[PDB]
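Student: Sharing my_file-v4.pdb below, PDB, C-alpha atoms (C1' of nucleotides):
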```
ATOM      1  CA  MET F   1     -18.522 -19.996  31.362
ATOM      2  CA  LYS F   2     -19.515 -19.412  34.987
ATOM      3  CA  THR F   3     -20.438 -16.676  37.493
ATOM      4  CA  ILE F   4     -22.756 -13.678  37.175
ATOM      5  CA  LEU F   5     -22.620  -9.894  36.861
ATOM      6  CA  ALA F   6     -24.634  -6.721  37.188
ATOM      7  CA  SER F   7     -24.749  -3.180  35.855
ATOM      8  CA  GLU F   8     -22.250  -0.422  36.573
ATOM      9  CA  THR F   9     -23.585   3.055  36.042
ATOM     10  CA  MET F  10     -22.074   6.488  35.614
ATOM     11  CA  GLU F  11     -23.819   9.802  36.131
ATOM     12  CA  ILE F  12     -24.136  11.661  32.819
ATOM     13  CA  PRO F  13     -24.097  15.484  33.323
ATOM     14  CA  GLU F  14     -27.132  17.472  32.142
ATOM     15  CA  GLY F  15     -24.895  19.653  29.933
ATOM     16  CA  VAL F  16     -24.057  16.653  27.735
ATOM     17  CA  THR F  17     -26.856  14.983  25.804
ATOM     18  CA  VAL F  18     -26.645  11.339  24.798
ATOM     19  CA  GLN F  19     -29.000   9.225  22.724
ATOM     20  CA  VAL F  20     -28.685   5.457  22.382
ATOM     21  CA  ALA F  21     -30.152   2.932  19.986
ATOM     22  CA  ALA F  22     -28.940  -0.663  19.888
ATOM     23  CA  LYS F  23     -25.469  -0.844  21.483
ATOM     24  CA  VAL F  24     -24.320   2.260  19.621
ATOM     25  CA  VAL F  25     -24.056   5.407  21.702
ATOM     26  CA  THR F  26     -24.073   8.886  20.236
ATOM     27  CA  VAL F  27     -22.636  11.610  22.452
ATOM     28  CA  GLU F  28     -23.249  15.202  21.376
ATOM     29  CA  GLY F  29     -21.920  18.459  22.757
ATOM     30  CA  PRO F  30     -20.696  21.814  21.428
ATOM     31  CA  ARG F  31     -17.263  20.439  20.387
ATOM     32  CA  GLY F  32     -18.914  17.965  18.011
ATOM     33  CA  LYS F  33     -20.263  14.443  17.758
ATOM     34  CA  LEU F  34     -18.646  11.163  18.811
ATOM     35  CA  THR F  35     -20.193   7.778  18.037
ATOM     36  CA  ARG F  36     -18.822   4.379  19.090
ATOM     37  CA  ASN F  37     -20.187   0.839  19.378
ATOM     38  CA  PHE F  38     -19.424  -1.055  22.594
ATOM     39  CA  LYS F  39     -20.660  -4.487  21.396
ATOM     40  CA  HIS F  40     -19.419  -7.340  23.583
ATOM     41  CA  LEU F  41     -20.671 -10.624  25.084
ATOM     42  CA  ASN F  42     -23.671 -10.295  27.426
ATOM     43  CA  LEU F  43     -23.189  -6.536  27.204
ATOM     44  CA  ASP F  44     -25.895  -4.090  26.242
ATOM     45  CA  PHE F  45     -25.572  -0.322  26.322
ATOM     46  CA  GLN F  46     -28.486   1.923  27.178
ATOM     47  CA  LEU F  47     -29.184   5.342  28.649
ATOM     48  CA  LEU F  48     -31.046   5.042  31.929
ATOM     49  CA  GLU F  49     -32.758   8.448  31.893
ATOM     50  CA  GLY F  50     -31.061  11.308  30.040
ATOM     51  CA  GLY F  51     -29.213  13.815  32.218
ATOM     52  CA  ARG F  52     -29.258  11.263  35.053
ATOM     53  CA  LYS F  53     -27.317   8.091  34.273
ATOM     54  CA  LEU F  54     -25.452   6.606  31.346
ATOM     55  CA  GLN F  55     -25.374   2.832  31.792
ATOM     56  CA  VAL F  56     -23.073   0.111  30.503
ATOM     57  CA  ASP F  57     -24.262  -3.221  31.761
ATOM     58  CA  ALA F  58     -23.933  -6.957  31.619
ATOM     59  CA  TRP F  59     -25.997  -9.662  33.221
ATOM     60  CA  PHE F  60     -23.367 -12.394  33.141
ATOM     61  CA  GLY F  61     -19.665 -12.085  33.761
ATOM     62  CA  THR F  62     -16.457 -13.940  33.181
ATOM     63  CA  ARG F  63     -12.895 -12.551  32.839
ATOM     64  CA  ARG F  64     -13.428 -11.678  29.159
ATOM     65  CA  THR F  65     -16.748  -9.880  29.801
ATOM     66  CA  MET F  66     -15.569  -7.992  32.897
ATOM     67  CA  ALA F  67     -12.424  -6.729  31.160
ATOM     68  CA  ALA F  68     -14.505  -5.124  28.395
ATOM     69  CA  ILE F  69     -16.832  -3.264  30.802
ATOM     70  CA  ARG F  70     -14.021  -1.387  32.622
ATOM     71  CA  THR F  71     -12.606  -0.408  29.212
ATOM     72  CA  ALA F  72     -16.067   0.698  28.031
ATOM     73  CA  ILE F  73     -16.440   2.970  31.091
ATOM     74  CA  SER F  74     -13.043   4.583  30.421
ATOM     75  CA  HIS F  75     -13.848   5.164  26.750
ATOM     76  CA  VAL F  76     -17.278   6.734  27.283
ATOM     77  CA  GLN F  77     -15.812   9.140  29.883
ATOM     78  CA  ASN F  78     -13.403  10.387  27.238
ATOM     79  CA  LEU F  79     -16.294  11.038  24.851
ATOM     80  CA  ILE F  80     -18.442  12.902  27.378
ATOM     81  CA  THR F  81     -15.580  15.211  28.284
ATOM     82  CA  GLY F  82     -14.298  15.287  24.677
ATOM     83  CA  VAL F  83     -17.517  16.840  23.378
ATOM     84  CA  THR F  84     -17.328  19.633  25.994
ATOM     85  CA  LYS F  85     -13.654  20.668  25.872
ATOM     86  CA  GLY F  86     -11.816  18.441  23.392
ATOM     87  CA  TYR F  87      -8.395  16.882  23.885
ATOM     88  CA  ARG F  88      -5.094  18.441  22.961
ATOM     89  CA  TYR F  89      -1.834  16.652  22.344
ATOM     90  CA  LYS F  90       1.389  18.573  22.601
ATOM     91  CA  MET F  91       4.504  17.686  20.667
ATOM     92  CA  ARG F  92       7.874  19.343  20.987
ATOM     93  CA  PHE F  93      10.673  19.610  18.411
ATOM     94  CA  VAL F  94      14.104  18.178  19.097
ATOM     95  CA  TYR F  95      16.744  18.693  16.412
ATOM     96  CA  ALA F  96      20.518  18.479  16.313
ATOM     97  CA  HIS F  97      21.265  20.022  12.919
ATOM     98  CA  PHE F  98      18.113  20.343  10.839
ATOM     99  CA  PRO F  99      15.408  22.980  11.575
ATOM    100  CA  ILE F 100      12.102  21.160  11.111
ATOM    101  CA  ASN F 101       9.465  23.484   9.711
ATOM    102  CA  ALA F 102       5.799  22.850  10.397
ATOM    103  CA  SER F 103       2.826  24.440   8.686
ATOM    104  CA  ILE F 104      -0.811  23.500   8.077
ATOM    105  CA  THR F 105      -2.379  22.745   4.731
ATOM    106  CA  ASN F 106      -5.862  24.065   5.539
ATOM    107  CA  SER F 107      -7.271  22.652   2.310
ATOM    108  CA  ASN F 108      -6.739  18.876   2.271
ATOM    109  CA  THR F 109      -6.188  18.761   6.062
ATOM    110  CA  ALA F 110      -2.645  17.597   6.702
ATOM    111  CA  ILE F 111       0.458  18.678   8.586
ATOM    112  CA  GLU F 112       3.538  19.246   6.453
ATOM    113  CA  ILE F 113       7.052  18.596   7.663
ATOM    114  CA  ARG F 114       9.973  20.154   5.825
ATOM    115  CA  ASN F 115      13.635  19.224   6.105
ATOM    116  CA  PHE F 116      13.426  16.015   8.118
ATOM    117  CA  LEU F 117      16.983  14.689   7.761
ATOM    118  CA  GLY F 118      17.863  16.601   4.584
ATOM    119  CA  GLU F 119      14.876  15.455   2.456
ATOM    120  CA  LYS F 120      14.199  17.643  -0.566
ATOM    121  CA  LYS F 121      10.555  16.487  -0.616
ATOM    122  CA  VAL F 122       8.221  17.818   2.056
ATOM    123  CA  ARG F 123       6.531  14.799   3.672
ATOM    124  CA  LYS F 124       3.010  15.306   4.918
ATOM    125  CA  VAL F 125       0.373  13.016   6.376
ATOM    126  CA  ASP F 126      -3.378  13.634   6.769
ATOM    127  CA  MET F 127      -5.305  14.714   9.850
ATOM    128  CA  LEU F 128      -7.624  12.115  11.370
ATOM    129  CA  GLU F 129     -10.887  13.532  12.755
ATOM    130  CA  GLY F 130     -11.687  17.234  12.139
ATOM    131  CA  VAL F 131      -8.527  17.921  14.190
ATOM    132  CA  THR F 132      -6.720  21.202  13.500
ATOM    133  CA  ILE F 133      -3.044  21.835  14.170
ATOM    134  CA  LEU F 134      -2.279  25.136  15.853
ATOM    135  CA  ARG F 135       1.319  26.186  16.358
ATOM    136  CA  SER F 136       2.470  28.305  19.258
ATOM    137  CA  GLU F 137       6.047  27.721  18.115
ATOM    138  CA  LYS F 138       7.745  30.560  20.028
ATOM    139  CA  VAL F 139      11.440  29.486  20.066
ATOM    140  CA  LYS F 140      10.383  26.412  18.006
ATOM    141  CA  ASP F 141       8.893  24.200  20.690
ATOM    142  CA  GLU F 142       5.165  23.581  20.936
ATOM    143  CA  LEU F 143       2.763  22.241  18.333
ATOM    144  CA  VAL F 144      -0.695  21.750  19.852
ATOM    145  CA  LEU F 145      -3.126  19.490  18.041
ATOM    146  CA  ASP F 146      -6.735  19.928  19.164
ATOM    147  CA  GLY F 147      -9.836  17.907  18.276
ATOM    148  CA  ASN F 148     -12.718  16.166  20.067
ATOM    149  CA  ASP F 149     -11.781  12.483  19.631
ATOM    150  CA  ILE F 150      -9.044  11.316  22.036
ATOM    151  CA  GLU F 151      -7.933   8.350  19.895
ATOM    152  CA  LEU F 152      -7.850   9.958  16.439
ATOM    153  CA  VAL F 153      -6.067  13.140  17.560
ATOM    154  CA  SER F 154      -3.412  10.943  19.213
ATOM    155  CA  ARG F 155      -3.120   8.787  16.051
ATOM    156  CA  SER F 156      -2.506  11.830  13.823
ATOM    157  CA  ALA F 157       0.355  12.899  16.120
ATOM    158  CA  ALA F 158       1.578   9.278  16.304
ATOM    159  CA  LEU F 159       2.163   8.921  12.533
ATOM    160  CA  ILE F 160       4.541  11.895  12.739
ATOM    161  CA  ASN F 161       6.358  10.084  15.577
ATOM    162  CA  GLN F 162       6.790   6.962  13.374
ATOM    163  CA  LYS F 163       8.094   9.091  10.480
ATOM    164  CA  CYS F 164      10.720  10.968  12.462
ATOM    165  CA  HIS F 165      12.558   7.831  13.615
ATOM    166  CA  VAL F 166      16.041   7.557  12.101
ATOM    167  CA  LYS F 167      16.830   4.102  10.895
ATOM    168  CA  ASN F 168      20.131   4.169   8.982
ATOM    169  CA  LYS F 169      21.946   3.673  12.223
ATOM    170  CA  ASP F 170      21.089   4.563  15.724
ATOM    171  CA  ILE F 171      17.717   5.969  16.779
ATOM    172  CA  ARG F 172      19.311   6.807  20.150
ATOM    173  CA  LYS F 173      21.912   9.262  18.833
ATOM    174  CA  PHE F 174      19.718  10.951  16.222
ATOM    175  CA  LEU F 175      17.018  12.981  17.855
ATOM    176  CA  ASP F 176      15.854  14.908  14.759
ATOM    177  CA  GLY F 177      12.070  14.931  14.817
ATOM    178  CA  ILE F 178       9.021  16.168  16.631
ATOM    179  CA  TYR F 179       7.931  13.713  19.271
ATOM    180  CA  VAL F 180       4.752  13.236  21.293
ATOM    181  CA  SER F 181       5.335  14.845  24.679
ATOM    182  CA  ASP F 182       1.796  14.457  25.973
ATOM    183  CA  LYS F 183      -1.201  12.207  26.614
ATOM    184  CA  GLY F 184      -3.040  15.125  26.883
ATOM    185  CA  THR F 185      -4.355  17.775  29.191
ATOM    186  CA  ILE F 186      -7.495  19.275  30.742
ATOM    187  CA  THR F 187      -8.508  22.581  29.067
ATOM    188  CA  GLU F 188      -7.668  26.283  29.224
ATOM    189  CA  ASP F 189      -8.380  29.442  27.221
ATOM    190  CA  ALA F 190      -5.029  30.327  25.658
TER     191      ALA F 190
ATOM    192  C1'   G G   1      36.495 -24.163 -84.506
ATOM    193  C1'   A G   2      36.735 -18.758 -83.346
ATOM    194  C1'   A G   3      33.639 -14.392 -82.612
ATOM    195  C1'   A G   4      29.519 -13.439 -79.641
ATOM    196  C1'   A G   5      26.339 -15.350 -75.964
ATOM    197  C1'   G G   6      27.002 -19.299 -72.741
ATOM    198  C1'   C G   7      27.294 -24.688 -70.801
ATOM    199  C1'   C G   8      29.882 -28.336 -67.079
ATOM    200  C1'   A G   9      33.054 -28.592 -62.117
ATOM    201  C1'   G G  10      26.968 -32.984 -57.303
ATOM    202  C1'   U G  11      25.968 -24.682 -55.650
ATOM    203  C1'   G G  12      33.176 -24.385 -59.793
ATOM    204  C1'   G G  13      35.693 -20.418 -57.033
ATOM    205  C1'   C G  14      35.835 -15.299 -55.759
ATOM    206  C1'   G G  15      34.077  -9.763 -54.789
ATOM    207  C1'   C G  16      29.323  -7.547 -54.164
ATOM    208  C1'   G G  17      24.239  -7.979 -53.781
ATOM    209  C1'   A G  18      18.381  -6.469 -52.919
ATOM    210  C1'   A G  19      13.871  -8.602 -51.035
ATOM    211  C1'   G G  20      13.389 -11.955 -46.848
ATOM    212  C1'   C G  21      15.122 -13.603 -42.285
ATOM    213  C1'   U G  22      18.196 -12.266 -38.193
ATOM    214  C1'   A G  23      22.036 -10.049 -33.663
ATOM    215  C1'   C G  24      22.333  -6.494 -25.770
ATOM    216  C1'   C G  25      27.160  -8.905 -33.395
ATOM    217  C1'   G G  26      21.316  -3.611 -34.467
ATOM    218  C1'   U G  27      17.197  -0.973 -32.312
ATOM    219  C1'   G G  28      12.968   0.001 -28.998
ATOM    220  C1'   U G  29       9.714  -1.210 -25.136
ATOM    221  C1'   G G  30       8.416  -3.827 -20.598
ATOM    222  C1'   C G  31       2.262  -1.385 -16.058
ATOM    223  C1'   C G  32      -0.023   0.954 -10.408
ATOM    224  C1'   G G  33      -3.888   0.819  -7.288
ATOM    225  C1'   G G  34      -5.835  -1.785  -3.206
ATOM    226  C1'   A G  35      -5.725  -5.372   0.725
ATOM    227  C1'   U G  36      -2.004  -6.664   4.469
ATOM    228  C1'   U G  37       2.717  -8.773   6.817
ATOM    229  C1'   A G  38       6.917  -7.893   9.484
ATOM    230  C1'   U G  39       7.142  -3.837  12.512
ATOM    231  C1'   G G  40       6.263   0.682  15.075
ATOM    232  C1'   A G  41       1.739   2.669  16.875
ATOM    233  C1'   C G  42      -3.397   4.552  19.055
ATOM    234  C1'   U G  43      -7.020   4.405  22.655
ATOM    235  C1'   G G  44      -7.238   0.910  26.612
ATOM    236  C1'   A G  45      -8.588  -3.048  30.183
ATOM    237  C1'   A G  46      -7.311  -7.418  32.236
ATOM    238  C1'   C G  47      -3.792  -5.290  36.246
ATOM    239  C1'   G G  48      -8.301   2.014  39.295
ATOM    240  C1'   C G  49      -2.061   3.251  37.324
ATOM    241  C1'   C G  50       0.078   1.063  32.846
ATOM    242  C1'   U G  51       0.570  -1.570  28.132
ATOM    243  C1'   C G  52       0.543  -2.664  19.824
ATOM    244  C1'   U G  53      -4.623  -6.308  22.102
ATOM    245  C1'   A G  54      -8.146  -8.576  25.520
ATOM    246  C1'   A G  55     -12.935  -5.641  22.437
ATOM    247  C1'   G G  56     -12.371  -1.798  18.858
ATOM    248  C1'   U G  57      -8.320   0.559  15.591
ATOM    249  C1'   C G  58      -4.016   3.332  12.300
ATOM    250  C1'   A G  59       0.262   3.455   9.204
ATOM    251  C1'   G G  60       2.674  -0.226   6.645
ATOM    252  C1'   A G  61       6.654  -5.076   2.305
ATOM    253  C1'   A G  62      10.779  -7.345  -3.754
ATOM    254  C1'   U G  63       4.404  -9.938  -0.317
ATOM    255  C1'   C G  64      -0.626 -10.998  -1.976
ATOM    256  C1'   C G  65      -5.071  -9.683  -5.216
ATOM    257  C1'   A G  66      -6.694  -6.666  -8.661
ATOM    258  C1'   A G  67      -5.030  -3.085 -12.263
ATOM    259  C1'   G G  68      -2.420  -4.801 -16.522
ATOM    260  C1'   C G  69      -0.750  -8.702 -19.901
ATOM    261  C1'   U G  70      -1.494 -13.670 -22.271
ATOM    262  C1'   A G  71      -5.317 -18.850 -23.299
ATOM    263  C1'   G G  72     -10.636 -17.523 -24.086
ATOM    264  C1'   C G  73     -15.086 -21.466 -20.428
ATOM    265  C1'   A G  74     -14.159 -25.191 -27.399
ATOM    266  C1'   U G  75     -19.179 -29.113 -22.444
ATOM    267  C1'   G G  76     -20.298 -20.480 -19.811
ATOM    268  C1'   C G  77     -23.267 -16.639 -21.825
ATOM    269  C1'   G G  78     -25.266 -11.903 -24.442
ATOM    270  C1'   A G  79     -26.547  -8.824 -28.530
ATOM    271  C1'   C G  80     -26.957  -9.036 -33.664
TER     272        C G  80
END
```
Can I see the file as structure tokens?

Tutor:
Amino acid sequence: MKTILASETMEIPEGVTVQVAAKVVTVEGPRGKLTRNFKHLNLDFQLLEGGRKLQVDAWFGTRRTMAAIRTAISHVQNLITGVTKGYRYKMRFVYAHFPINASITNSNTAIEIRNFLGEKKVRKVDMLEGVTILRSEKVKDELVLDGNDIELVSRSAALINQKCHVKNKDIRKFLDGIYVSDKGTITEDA
RNA sequence: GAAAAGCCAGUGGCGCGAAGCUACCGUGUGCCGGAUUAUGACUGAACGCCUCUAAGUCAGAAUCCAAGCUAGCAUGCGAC
């Protein structure tokens, strides 16, 4: 179209190592590996000196191009921090008659949900990324789902949220489920 | 002629009748994976925040395409 643009650059910390080839960026830290492709119009992705600056750049701009770059910046920040501490999503039971019972299938990584709305069959759904579900249930509140990838950890929690909707009548009145209560957190020990 | 064994009545009529055929008037059998939609979602800009969407992306239907089933390209072909 028209107009022009220039590069926007983020300091990469020394404690995170990055290596780039093509427009695919590999971010590595002690919490694992995260690899994404930021392909877009007039947009190249390169590492302008390791431990100094991570660069996402474009040499031409229009509304479409500019929109992608801000998004790219947000996404790469999540990866840099995600390889050093990981992200944790927190989900809290609400039930009005049915105790919902959560456990982990360690082999064939999935989270199993018993007694959603009187079902005889335990319904379970996989775990996306090498995410692990840890339960600090206490009273029967918190389920804390921890992995490196912000998107995939959130997606694993999200499929549970879709499942626990009550659709015979009236989602509003029937609050049986475990619902995403987070968009999640910094870090901590325990 | 009768006996006996049969003939004719456009298949004489009647009761039964195998073999054959046939009846949700008899029986038995009739397939499950994937890709997706609707739709809810993720991460997330545009719109520092935020949003299912712009880029990328997930789950998902009596759908669709295999799987499967029927013709077998007679003017496709292989091996022998």

Student: List the residues selected by the PyMOL selection byres ((chain G) within 10 of (chain F)) in the file shown, writing them as a PyMOL selection string.

Tutor: chain G and resi 40-46+48+54-59

Student: Written as a ChimeraX atom specification, what is the full residue list that the PyMOL selection byres ((chain F and resi 47) around 9) yields on the file shown?

Tutor: /F:18-20,25,45-46,48-50,52-56

Student: Output, as AutoDock Vina command-line options, the centre and edge lengths in Å (one decimal) of the axis-aligned box that contains all listed atoms of range 25-40 of chain G with 4 Å of margin on each side.

Tutor:
```
--center_x 10.7 --center_y -4.0 --center_z -9.7 --size_x 41.0 --size_y 17.9 --size_z 57.5
```

Student: Find the residues around range 122-124 of chain F up to 7 Å (only C-alpha atoms (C1' of nucleotides) counted), leave out those fewer than 2 positions away in its own chain, and share them as number ranges by chain.

Tutor: F: 110-115, 120, 126

Student: Store the residues of this selection in a file with C-alpha atoms, as a CSV table (one decimal), in the coordinates of the input.

Tutor:
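File written: selection.csv
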```csv
chain,number,residue,atom,x,y,z
F,110,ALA,CA,-2.6,17.6,6.7
F,111,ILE,CA,0.5,18.7,8.6
F,112,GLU,CA,3.5,19.2,6.5
F,113,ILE,CA,7.1,18.6,7.7
F,114,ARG,CA,10.0,20.2,5.8
F,115,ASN,CA,13.6,19.2,6.1
F,120,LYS,CA,14.2,17.6,-0.6
F,126,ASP,CA,-3.4,13.6,6.8
```

Student: Compile the contact shell of range 174-189 of chain F as a PyMOL selection string: residues with an atom at most 6 Å away, counting all atoms listed in the file, same-chain residues fewer than 3 positions apart removed.

Tutor: chain F and resi 88-95+161+164+171

Student: Which of these residues is nearest to residue 101 in chain F, using all atoms listed in the file: F:81, F:21, F:16, F:140?

Tutor: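 Closest candidate: F:140.
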
Student: Can you tell me how far CA of residue 42 in chain F sits from CA of residue 58 in chain F, in Å to one decimal?

Tutor: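 Computing the Euclidean distance for CA of residue 42 in chain F and CA of residue 58 in chain F yields 5.4 Å.
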
Student: For CA of residue 119 in chain F and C1' of residue 34 in chain G, determine how far apart the two atoms are, in Å to one decimal place.

Tutor: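 Between CA of residue 119 in chain F and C1' of residue 34 in chain G the gap is 27.5 Å.
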
Student: Looking at all atoms listed in the file, which of F:135, F:169, F:2, F:33 is the one that sits closest to residue 79 in chain F?

Tutor: F:33

Student: For the file shown, report as an MDAnalysis selection string the outcome of the PyMOL selection byres ((chain G and resi 69) around 10) at residue level.

Tutor: chainID G and resid 31 68 70

Student: Between CA of residue 6 in chain F and CA of residue 60 in chain F, what distance in Å does the model show, to one decimal?

Tutor: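 Separating CA of residue 6 in chain F from CA of residue 60 in chain F is a distance of 7.1 Å.
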